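The structure appears below as structure tokens.
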Amino acid sequence: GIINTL
Amino acid sequence: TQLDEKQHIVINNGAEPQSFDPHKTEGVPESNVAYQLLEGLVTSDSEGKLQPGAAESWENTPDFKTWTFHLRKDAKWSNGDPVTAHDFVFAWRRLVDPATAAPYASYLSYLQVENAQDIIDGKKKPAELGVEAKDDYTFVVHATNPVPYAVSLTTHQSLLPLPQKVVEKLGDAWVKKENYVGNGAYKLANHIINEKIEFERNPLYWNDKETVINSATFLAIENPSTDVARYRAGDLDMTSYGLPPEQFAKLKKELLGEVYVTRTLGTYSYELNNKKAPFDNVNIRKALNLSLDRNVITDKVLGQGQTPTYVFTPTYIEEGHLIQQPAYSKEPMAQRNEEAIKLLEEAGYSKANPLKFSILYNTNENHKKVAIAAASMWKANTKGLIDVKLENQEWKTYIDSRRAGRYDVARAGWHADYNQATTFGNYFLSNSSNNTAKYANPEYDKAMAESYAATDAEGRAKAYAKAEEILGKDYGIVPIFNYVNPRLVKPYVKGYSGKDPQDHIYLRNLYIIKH
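Chains B and A supply the protein sequences, listed in that same order. Reminder that position 6 of the first sequence reads as 6 in the entry's author numbering, one-by-one numbering, no gaps. Numbers in the entry's author numbering are just positions in the second sequence, counted from 1, shifted up by 26.
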């Protein structure tokens, strides 16, 4: 899944 | 202590979700919503261990190719309709149907379900998919190769059931708040775009008797410093993942017991558009990889325990242990940088005529910091031969730009969907629906293809090491680091460990204590 955060 | 009489929680979800239809999305903000509204065959606890979901029991043939799921005979959707094996057939067929244009269409191909790839290619009709309702409460999955990790794959958002009768009647509009029907622990109470999603208990959920939280709010706060300030003011109970690097050491000491963090099955990269000039040139992709100093980003920009990496798969994932970091990563920077400069001059770049591109990223101050640092290193390290701009887009827009190929270089971050190396390896298949880099090498496809027939873990692990070697020699992307998942969590929130390898968060696993 694509992670929005860091 | 004891349980609070009020069981309400506020969580930052970080972005406005693209959609609440799991066949339309590929991101964490989206999955975090879906997992509250819908439940697949199997689900998990706070540490990511498997437990019964829609299926109360299941079994596999000894060859790991046939998987049988026994659904709950009395289970209902939130509108009272029965949950049946036909809902799973319907949903899984809709996921691979090209007409759905699902970002995770390929997930059923990863599961090796019979005919999934042909259906995604339009060669067979979605009704040819190798899944069946043997009766109303018996769902059977037929795989063409051994998939001993199948049950874990079934926990992913893309394999959630949909309410067939509702979706067939309303089409894509089934997702509107007035129409949404699900079989998870919650239902949608309110949705204000860019502001909040409100959840309320789904009393028809088969395990409602064990759900504690009565209501919850997801916020859409994009910047970590804003998240942390809201938390400090008492207006949210759990941040999203990610904390301001400048505040991290202090937060840990001041809010001792509230900062959760561990290493994560995630990889942060700049994805290069392999079909857009000039990133279709391996020489240039190589120069960018050589001249980016990962340690600057992990030690000076971030410093939160992110570890540098030069490959896509985290090597500590299950069956990832044979994957090697590439030899250039062991060269001094001065050597790497001279090499990069030669490559760029060979490609016609100079100080007067630099390589110019933008880094596309989703609005988030931490992504900005990393992009500023990367732009700065690429320029300096190549003595002026690269000149980089930043392009920040809102999440939804960023996602669409990546999928459309409207980018040169894009900030990327892939989280494992299940704890086995192929959740990464499968991403770069030439025909993967997840592959927005447009990377394609038949040798890569073959190394992964040969892994799916392997009978044992070592043979799979060798094949993954080879795939990574090919992707690395192609410089298909720019891997930067492996993630950690720092979050602030109030002391009165229990049931969160952060130790779930998939980093799922289920409201039905949380509870609020008092004193």
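Cβ atoms here follow ideal geometry from the backbone N, Cα and C, with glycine treated the same way.
Around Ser456 (chain A), the same chain offers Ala466, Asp471 as residues with beta carbons nearer than 6 Å, after the five sequence neighbours per side are excluded.
For chain B, none of the residues of the segment 459 to 478 of chain A brings a beta carbon within less than 8 Å of one of its beta carbons. Judged by beta-carbon spacing, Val122 (chain A) lies within the 7 Å limit of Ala131 (chain A), meaning their Cβ atoms are closer than that value.
Using a Cβ distance threshold of 7 Å, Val337 (chain A) and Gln33 (chain A) do not count as a contacting pair.
Beta-bridge analysis with DSSP links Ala275 (chain A) to no other residue. Counting C-beta pairs closer than 8 Å gives fewer than three between the segment 213 to 232 of chain A and the segment 177 to 190 of chain A, which falls short of the contact rule. Assignment of beta strand (DSSP E) within the segment 200 to 255 of chain A, counting only whole runs of 3 or more residues, yields 212 to 218, 222 to 227, 241 to 245 in chain order. The beta carbon of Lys395 (chain A) sits closer than 6 Å to those of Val327, all from its chain and outside the five residues before and after it, given in chain order.
When only Cα atoms are considered, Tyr286 (chain A) and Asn228 (chain A) end up about 29 Å apart. With contacts defined by Cβ atoms closer than 7 Å, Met403 (chain A) and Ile37 (chain A) do not form a contacting pair. Ranked by Cα distance from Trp232 (chain A), the options A:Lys222, A:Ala242, A:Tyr212 are led by A:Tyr212. In the assembly as shown, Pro88 (chain A) is an exposed residue. Its beta-carbon has fewer than 16 other beta-carbons within 10 Å. Inter-residue distance for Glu297 (chain A) and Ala242 (chain A) is about 35 Å (C-alpha atoms, whole angstroms). Note that the C-beta distance between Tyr444 (chain A) and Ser178 (chain A) is below 7 Å.
Burial state of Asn321 (chain A) is exposed, judged by a 10 Å Cβ sphere holding fewer than 16 other Cβ atoms.
The continuous beta strand (DSSP E) containing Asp161 (chain A) extends over residues 157 to 161.
Pairing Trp421 (chain A) with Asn388 (chain A) gives a Cβ-Cβ distance under 7 Å. Going by beta carbons, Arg513 (chain A) and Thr462 (chain A) fall outside the 7 Å limit.
Using a CB distance below 7 Å, the part of the segment 42 to 68 of chain A facing chain B consists of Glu52, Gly53, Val54, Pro55, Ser57, ordered along the chain. One Cα belongs to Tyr206 (chain A), the other to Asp161 (chain A), and the distance between them is close to 26 Å. Nearest to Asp526 (chain A) by alpha-carbon distance, out of A:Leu281, A:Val519, A:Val510, is A:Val510. Using a Cβ-Cβ cut-off of 7 Å, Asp443 (chain A) counts as an interface residue toward chain B, since at least one Cβ of chain B sits closer than that to its own.
DSSP places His393 (chain A) in no beta strand (DSSP E) but in the uninterrupted alpha helix (DSSP H) bounded by 391 to 407. Across the structure, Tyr490 (chain A) and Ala442 (chain A) are spaced so that their CA atoms are roughly 15 Å apart. Under the 10 Å beta carbon count, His182 (chain A) is surrounded by 16 or more other beta carbons and is classified as buried. Using a Cβ-Cβ cut-off of 8 Å, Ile425 (chain A) is close to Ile2 of chain B, given in chain order.
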